[PDB]
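Novice: Any chance you can model this:
(4 chains, ligands or ions: 3)
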Amino acid sequence: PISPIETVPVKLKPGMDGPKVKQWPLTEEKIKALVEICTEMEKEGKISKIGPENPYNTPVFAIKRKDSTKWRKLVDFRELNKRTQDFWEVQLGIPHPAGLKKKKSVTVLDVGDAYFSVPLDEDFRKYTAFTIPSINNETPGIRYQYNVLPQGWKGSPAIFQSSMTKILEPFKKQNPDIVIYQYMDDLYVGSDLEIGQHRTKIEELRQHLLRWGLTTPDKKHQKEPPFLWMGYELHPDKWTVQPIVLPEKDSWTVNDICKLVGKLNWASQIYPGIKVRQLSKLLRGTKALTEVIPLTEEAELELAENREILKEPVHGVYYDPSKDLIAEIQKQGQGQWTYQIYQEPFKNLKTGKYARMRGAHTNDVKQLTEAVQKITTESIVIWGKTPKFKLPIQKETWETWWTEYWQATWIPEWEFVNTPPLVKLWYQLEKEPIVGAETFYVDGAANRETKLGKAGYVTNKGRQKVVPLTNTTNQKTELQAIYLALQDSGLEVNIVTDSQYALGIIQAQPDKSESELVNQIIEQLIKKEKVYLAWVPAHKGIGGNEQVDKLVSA
Amino acid sequence: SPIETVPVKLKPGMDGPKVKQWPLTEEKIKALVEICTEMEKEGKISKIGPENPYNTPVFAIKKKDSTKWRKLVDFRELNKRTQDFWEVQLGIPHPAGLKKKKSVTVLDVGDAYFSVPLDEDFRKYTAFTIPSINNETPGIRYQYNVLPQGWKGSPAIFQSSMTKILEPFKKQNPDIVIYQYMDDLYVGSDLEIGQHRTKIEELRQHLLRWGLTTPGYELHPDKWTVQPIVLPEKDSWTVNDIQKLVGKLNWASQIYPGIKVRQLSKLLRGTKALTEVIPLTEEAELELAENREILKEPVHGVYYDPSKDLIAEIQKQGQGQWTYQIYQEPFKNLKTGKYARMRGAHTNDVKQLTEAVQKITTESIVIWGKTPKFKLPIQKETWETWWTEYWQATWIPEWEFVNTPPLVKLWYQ
DNA sequence: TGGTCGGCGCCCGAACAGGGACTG
DNA sequence: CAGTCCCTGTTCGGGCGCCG
Ligand SMILES: Nc1ncnc2c1ncn2[C@H]1C[C@H](O)[C@@H](COP(=O)(O)OP(=O)(O)OP(=O)(O)O)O1
Ligand SMILES: [Mg+2]
Ligand SMILES: [Mg+2]
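Specialist: Residues are numbered from 1 along each chain as shown, chains lettered A, B, ... in the order given. Ligands and ions are numbered 1, 2, ... in the order given. Sure, the structure comes next:
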C-alpha cells in the first residue's frame, strides 16, 4: 500500500502560486484508462477528490509500456516545477555492470507502483490538482490531487531515491554483508551466501520493504540468470548490452542521425571501436529534425563499418579487485581513439572511445593525454581505482614532450605497447640556431576595414619575397608568411618573428589544426630536417626586423 | 540553555553554494564516510535530504604520515557568497611582524570549531554530498550543526573566545606574534630549534587543557631572497644571443621604467646571420654591467593594497623549475621566487605544481594575511584529475587555468 | 494526433571570457 | 587612455541515447 515513511518538506518558489492551466483534450482511449486508474488510485487513497475550494489545476495524460497492458499516468507539471522550489539531485551517476564484483548469489527486484507508495507532504498536495475529463464531453470533469509522489513532478525523483535509501538504511545496517545496487526503485541484491541462505535473506529484505509499504511483485529475477538489469544481461560470469537494434533506412532525417549516434554511443561501451566522427560531423549545419540531410562517403562507410561490428556478438566481464585494473588505448586516426579496460587479456570489463578534439591547435600526444584523463576519471567513477596503462607512444616520445612542454602534463603508471599506429611527435624544433642556414626575417599585415594585406621575408644572404594576401587578418598573415619560408627554403632554415601568435602555435609542435593553412605549415615542417624559430620585439627597430615591416607595411 | 549561535547571512541577492560533488576513491570514500559516521554520532553533522538545494564538494587527505585521513571541503564557492560577514564587519589586523620571525610554526587547531554551535538558520548551506563507487547508492547528504572547518566565519566568530584563550601565554610571551588563518594557527618567534621547538610544545599543554587539540615543519619565508631577473653571463655574443637578451629586456623594462635599450639595440640594423659572432663596444658592454644593477635593485610601484585580490603567475622551466609571480597589478610584482624538487624521489609535473601552489600560498598568507588567485599553467582536466591527490593544505586557494607561450618564462629562467 | 520528470553520456550551436594586435 | 578587431578558450543550453 502507501508508506509510513516520513513525508518530505517542499515549499514553493518565494512569492509564487500554484498551476492553473486547463486540460487539453485526450483520446476516448486514454480517458478510459485514466478513469480506470484513478478509480483504483483513489480507492487506494493515492489521490483524494477535490471541489471548488481548490483554485489550481494542471493537465495529465497516459502512456503504454513495453508489451504491457499497463499504462503510466503522467502529469504535465511543467508549470508547477517552474514555480516549485528546487532540490539537490541525489542521483550522482549510474551503476555499470563492469563495476559489479562477482557474487555467489544475485537477485533483482522492482518495487511496484513505486512513486505512488511514497507520501507527498500534506501541505503541497494542494497544487498537484488536476482534472480527468469525461468522454461524452458532457459531465464536468472529476478532480483530484495526489497524496503520493506524482509522476512527473520536478521533485519526485530525488525524493523517492532519498525515501528509498532511508527505508533500506536499517536492513543494510543489520546486513552489512549484502550488496544492494539501488537505482530509483530497481533493487539488485548481491550476496555471497549459498542459494539457501541467500534466498532467505532476500525474503527478509522483501518483507521488510513491504512492511514499509514497498511491494516487490513477482517480476523479481530469481534463478533468472541472465538477469535483466540497467539495460544489460547479467550472466554468471559475463554481461552484455541488451539487443541494440539500429535503424535500417533509405532517406535520413536529422534526429534520425541523432538516434543513430546515440545508440552507437550506447554500443561503444562494449562493442569495441565504434566510430562516429563522420556521422556527427554530418550534423553541424543545425536545422530541422524533420529535414532530410544527405549521407556522405566518409559517413556512409563509418555507418556500415560499425553496423558490422554490431553483428558479431560481444560481451564483458565483471570486476576482480584482487587483480590489477588495466586499460590500453589505440589510435583510430583523424583525432578519434578507442580503448578497453581488462584485468585478464582478452577478457575485458568495458570498452570505449574518445572523439573530442579539444582545441584548434593540438597534436596526438595532447589528444592522448586528453584521453588518459577521460579514462581515469571514468575509471574512478566505476572502480574507485585508477588503471595502469599500456600506450602506443614510445617511452621516450613522452620523456620528450613533457620535459619539453611548457605545461605540467602528467600520466600515471604506464608501460609501452608496440602496436601501430604508434604515436610520436611528427617533428622537432631546433632550440639552437642552425649554422650555415639562410637566416630569414619574416612578417606581414593587412588592413582593418579594407580587403587585403600581405606578408614576406628577407634572408641574411640576400633574398627578397612578398605576397598579396586577400581577406587576411593580423594573424592569417604572420603564419601565411612562415608557410613560404619553408618551401622557399631547404633541409636547414632559420626563421624569426616579432609575433608570438604564430610562435606558440608552432611551439607546441601541433600536427593537426582546423585551419588548412596551419596543416600546410606543419606538413612542410615535417619535411625539413632542422628548423629554428626565435622571437624579438615588434616595432622596436631590431636588425633585419624593420626591413620586413616596410616591405609589407605598404 | 544560554549559548550564543551568532546569526549570519549571505550577501544581498546571493543564493547558496550549489556545486556538484566530484568522483572520489575507494580509500577516500571509506574514510570520508567512516568520518561523517562519527561526526554525526556527535551532532556535528546531520543527514539531510533533496529538499536542501545547497551543496559543496568534499573529500579527504591523509597527512603528515599520521596515516590518518582528515576531512576537508571546498567552501571556496561559499566563502565567496558568505557575505562580508568576514570582510567589512570582522576583518583581520595584519600582523606584518611575522615576516621577520626567525622560525614560525604552523599548527591546525580548527578542530576546536566543532564545539561552537552554528546558526541553524544558516546550517542549510554547509550541506555536502558523499558519493558511492560505481554509483551503487545515491548521494548520502549531511549538514553542519557546529562550526565547519575551512570556512570564512568559522574562524572569525571563534577568534573572540580564541584571543581570550591566548591571554595566559600571549601575555607571558608577548614577544611572539600569534596569527590564525582559517583553521591553522601561526606562532612565529626567533628562538633556536632546541628551545623554540620545545616551547610550541608548551603552547600545546596550554591549548589542550583549554580545549583545543592537534596531532622541516617550520618556516622562515623572509629567510629566503626572491631570485631577481638574472641576465646571461657570456664572453662572445651571436646574432640571436643578442636579439634574445634584447627582446627580454624590452619587457623586463616595464618592471623597471629605467632600463637601457639603444646601446644594445644598435649592434644590429641589418639582416645578419644568427650564427655570426659580433661582440660589443664599451657603451653596450657597460650596459651589460649597468642594466645588470637594476636587477639587484628592488622594483618600485609595489603597494600592498588589501582592497584588491592577490594574484599570481607560475612557470614550468626544467627539473623542478617553477617561478613565483606574486603581484596585485600589471608588472607590479610585490614579490617573486622559485621552487625546485628537493634531492629526494623525483616526483612529477602536477604533484609538484601543487606543492608549488601550496608553498607559494603558505607564504602569501604570512607575508600578507591572505591567499592568491593563481593563474595556472596546467590543463583544467588534468589539474582537477590529480590535484586532490597531493595536497595537505587544510585550505583551498582560488584559481584559474591559463596557457601562454614561454620566452616570457626566460625572464625568470 | 501530441504531450512529464530526474540521472549520466555524446555531439552541436550559441553566449559568454581574456589576451594579443591595432585604431581614435 | 579609450574604442576596436582578430584569436583562443570557456560556459551553457539544446537533441538524442541509456536507466528508473
Ligand atoms: N517515463 C517516466 N516518466 C516519469 N517517471 C518515470 C518514468 N519511468 C519511470 N519513472 C519513475 C516513476 C515511477 O514510479 C518510478 C518507477 O517506475 P517503474 O519501476 O518502471 O514502474 P512502477 O514502480 O511506477 O509500477 P510497476 O512495478 O507496475 O512497473 O520511476
Ligand atoms: Mg516498478
Ligand atoms: Mg610583425
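
Novice: Point me to the residue of the stretch 1-150 of chain B nearest DNA strand D.
Specialist: Closest to DNA strand D within the stretch 1-150 of chain B is residue B:20: 9.4 Å, counting by C-beta to the nearest atom of the strand. C-betas here are computed from N, CA, C, even on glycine.

Novice: What degree of burial does that residue show, as a neighbour count?
Specialist: 11 (other C-beta atoms under 10 Å in any protein chain shown).

Novice: That one against residue B:55, yeah?
Specialist: Yes - using C-beta atoms under 8 Å, residue B:20 is in contact with residue B:55, at 7.1 Å.

Novice: mind checking the SS state of residue B:345?
Specialist: coil (DSSP: H, G, I helix; E, B strand; the rest coil).

Novice: separation between it and ligand 1?
Specialist: As judged by C-beta to the nearest ligand atom, to the nearest Å, residue B:345 and ligand 1 stand 52 Å apart.

Novice: care to break the chain down by domain?
Specialist: Picking chain A for this. Domain ranges of chain A: A:1-90+A:116-156, A:91-115+A:157-225, A:226-319, A:320-426, A:427-554, per curated CATH domains.

Novice: wrong chain, I was asking about chain B
Specialist: Split by curated CATH domains, chain B gives B:1-91+B:114-154, B:92-113+B:155-222, B:223-304, B:305-413.

Novice: The third one spans what distance, first to last residue?
Specialist: In terms of C-alpha to C-alpha, to the nearest Å, the two terminal residues of domain B:223-304 are separated by 20 Å.

Novice: hmm, that domain in reach of chain A?
Specialist: Yes - for domain B:223-304 and chain A, the contact criterion (C-beta under 8 Å from any C-beta of the partner chain) is met by B:238-240, B:243-244, B:246-247, B:250-251, B:261, B:265, B:267-276.

Novice: Could you pick out the buried ones from the residues you listed?
Specialist: Applying 16 or more other C-beta atoms under 10 Å in any protein chain shown to these, the neighbour count classes B:238-240, B:243-244, B:246-247, B:250, B:261, B:265, B:267-268, B:271-276 as buried.

Novice: Filter these down to the ones in helices?
Specialist: Among these, DSSP state H puts B:239-240, B:243-244, B:246-247, B:265 in helices.

Novice: from those, which two are the most distant?
Specialist: Pairwise distances across these peak at 15.0 Å for B:240 and B:265 (criterion: C-beta to C-beta).

Novice: Assign residue B:77 to helix, strand or coil.
Specialist: Classified using three-state DSSP, residue B:77 is helix.

Novice: Write out the residues of the stretch 101-250 of chain A neighbouring ligand 1.
Specialist: Counting by C-beta under 6 Å from any ligand atom, the residues of the stretch 101-250 of chain A close to ligand 1 are A:110-115, A:151-152, A:184-185.

Novice: Weed out the non-buried ones from the residues you listed.
Specialist: Using 16+ other C-beta under 10 Å as the burial test, those include A:110-111, A:113-115, A:151-152, A:184-185 as buried.

Novice: which residues does the closest residue to residue A:56 other than its chain neighbours contact?
Specialist: Distances taken as C-beta to C-beta, 6 or more residues apart in numbering or on different chains place residue A:18 nearest to residue A:56, at 3.7 Å, with adjacent residues excluded. Counting by C-beta atoms under 8 Å, 6 or more residues apart in numbering or on different chains, residue A:18 touches A:12, A:55-56, A:80, A:83, A:126-127, A:129.

Novice: secondary structure element for residue A:18?
Specialist: For residue A:18, there is no helix or strand it lies in under DSSP states H and E.

Novice: any idea how far it lies from residue A:242?
Specialist: With distances taken as C-beta to C-beta, to the nearest Å, residue A:18 is found 41 Å from residue A:242.

Novice: And the residue in chain A positioned nearest to DNA strand D, how close does it get to ligand 3?
Specialist: When distances are taken as C-beta to the nearest atom of the strand, chain A reaches nearest to DNA strand D at residue A:262, 2.1 Å away. Separation of residue A:262 from ligand 3 (C-beta to the ion, to the nearest Å): 48 Å.

Novice: Now do the SS call for that residue.
Specialist: Recorded secondary structure, residue A:262: helix (three-state DSSP).

Novice: Out of the buried ones among the residues of the stretch 101-250 of chain A next to ligand 1, which are close to ligand 2?
Specialist: Restricting these to those adjacent to ligand 2 (criterion: C-beta under 5 Å from the ion) gives A:110, A:114.

Novice: okay, the buried ones among the residues of the stretch 101-250 of chain A next to ligand 1 in a markdown table with secondary structure next?
Specialist: A markdown table is the format used below for these (three-state DSSP):
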| residue | secondary structure |
| --- | --- |
| A:110 | strand |
| A:111 | coil |
| A:113 | coil |
| A:114 | coil |
| A:115 | helix |
| A:151 | coil |
| A:152 | coil |
| A:184 | coil |
| A:185 | coil |
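
Novice: residues near residue A:415, how many?
Specialist: Using other C-beta under 10 Å, residue A:415 has 11 other residues around it.

Novice: just residue B:190 next, same as before
Specialist: Using other C-beta under 10 Å, residue B:190 is surrounded by 13 other residues.

Novice: Tell me the spatial nearest neighbour of it, not counting adjacent residues.
Specialist: residue B:102 (3.9 Å).

Novice: Isn't the one you found up against residue B:193?
Specialist: No - using C-beta under 8 Å, residue B:102 makes no contact with residue B:193, being 9.6 Å away.

Novice: what about the two, which has more around it?
Specialist: More crowded of residue B:102 and residue B:193, by other C-beta under 10 Å: residue B:102, with 15 against 11.

Novice: picking that back up, export the residues of the stretch 101-250 of chain A next to ligand 1 to JSON lines and tack on distance to ligand 3?
Specialist: Shown next, in JSON lines, are those (distance: C-beta to the ion, whole Å):
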{"residue": "A:110", "distance to ligand 3": "69"}
{"residue": "A:111", "distance to ligand 3": "70"}
{"residue": "A:112", "distance to ligand 3": "74"}
{"residue": "A:113", "distance to ligand 3": "73"}
{"residue": "A:114", "distance to ligand 3": "68"}
{"residue": "A:115", "distance to ligand 3": "67"}
{"residue": "A:151", "distance to ligand 3": "65"}
{"residue": "A:152", "distance to ligand 3": "61"}
{"residue": "A:184", "distance to ligand 3": "61"}
{"residue": "A:185", "distance to ligand 3": "66"}
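
Novice: Greatest separation within these: which pair is it?
Specialist: The distance between the two most remote of these (C-beta to C-beta) is 19.4 Å, for A:110 and A:152.

Novice: what's the neighbour count on the residue of the stretch 51-200 of chain B at minimum distance from ligand 1?
Specialist: The stretch 51-200 of chain B approaches ligand 1 most closely through residue B:138 (13.4 Å), counting by C-beta to the nearest ligand atom. By other C-beta under 10 Å, 25 other residues sit near residue B:138.

Novice: show me what contacts it?
Specialist: Residue B:138 makes contact with A:90-92, A:161-162, A:165, A:182, B:132, according to C-beta under 8 Å, 6+ apart.

Novice: Which of the residues you listed fall in strands?
Specialist: Applying DSSP state E to those, the entries found in strands are residue A:182.

Novice: nearest to ligand 1, of the contacts of residue B:138?
Specialist: Taking C-beta to the nearest ligand atom as the measure, ligand 1 lies nearest residue A:161 of the contacts of residue B:138, at 9.7 Å.

Novice: residues touching that closest one, list them.
Specialist: Counting by C-beta under 8 Å, 6+ apart, residue A:161 touches A:90-91, A:184, B:50, B:138.

Novice: how does it look with 7 Å?
Specialist: By C-beta atoms under 7 Å, 6 or more residues apart in numbering or on different chains, the contact list for residue A:161 reads A:90-91, A:184, B:138.

Novice: Tell me which two in these are the farthest apart.
Specialist: The largest separation in these, counting by C-beta to C-beta, is between A:90 and A:184 at 11.1 Å.

Novice: which residues touch residue A:446?
Specialist: Going by C-beta under 7 Å, 6+ apart, residue A:446 touches A:452-454, A:469, A:472-473, A:477.

Novice: Much appreciated, bye for now.
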